[PDB]
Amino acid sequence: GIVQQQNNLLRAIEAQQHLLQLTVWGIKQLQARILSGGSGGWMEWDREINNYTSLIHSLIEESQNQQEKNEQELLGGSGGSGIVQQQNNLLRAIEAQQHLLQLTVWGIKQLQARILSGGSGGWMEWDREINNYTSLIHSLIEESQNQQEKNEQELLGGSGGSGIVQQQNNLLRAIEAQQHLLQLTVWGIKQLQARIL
């Protein structure tokens, strides 16, 4: 069932969302030690972490509802549009999560620049890895946006069931890629915490 899958996709996004808050908590601690206020980018980061967390909370919340609704209709077997809506949802949630990764990455980049050499202890690989995964996810998001649009029209006429299945794959791979991204931001914070705390 694509519906059950989408539930796992939702659920995964939630876990990633907690994981993410853990890193913001992480970066906030370091930021306090290394830094003399919201000067030079930081109050905006602070404010934008929030403006995105809140948008994502609200997105998980809309997804959880589309989910229950999809589940209630598994025996009515007409609900192509609900599944496609759920896909739209998950896409929107993935991107916002991305914005959030991007802020944390920036956070760490700022902090590392002040206290470590970016050519030492695994930081060159880290940059490249970060940078690749970023470009990879951007590509998967782009492709997902492209796939959504298409599905949404395939759904008018006869079946476009392959494109739903395809899209599931799209979303699935963007989440694995954010998950790497996450691992890399955990690594970075772990290095900074080691050095300065």
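Here, rigid core means the biggest group of C-alpha atoms that superpose within 1.5 Å across both forms. We number the residues from 1 along the sequence you see.
In summary, of the stretches 39-47 and 136-144, 39-47 shows the greater Cα distance from the shown form in 5 other deposited structures of this protein, with structures fitted on the rigid core. Note on 115-123 and 102-110: with rigid core alignment, C-alpha atoms in 5 other deposited structures of this protein sit farther from this form for 115-123.
Compared with other PDB entries of the same protein, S78 is missing from at least a third of those that resolve the residues around it. Modelled in this chain, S159 is nonetheless absent from a third or more of the other compared entries whose models extend past it on both sides. Judged by mean Cα B factor in the deposited record, 155-163 ranks above the other of 26-34 and 155-163.
The PDB entry records a higher mean C-alpha B factor for 36-44 than for its counterpart among 36-44 and 142-150. Annotation for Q86, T104, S78, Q97: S78 ranks highest, by Cα B-factor. Split the chain's modelled residues into thirds by C-alpha temperature factor. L74 is in the highest one. Annotation for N51: C-alpha temperature factor in the middle third relative to the rest of the modelled chain, per the entry. Annotation for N65: CA B-factor lies in the highest third of the chain's modelled residues.
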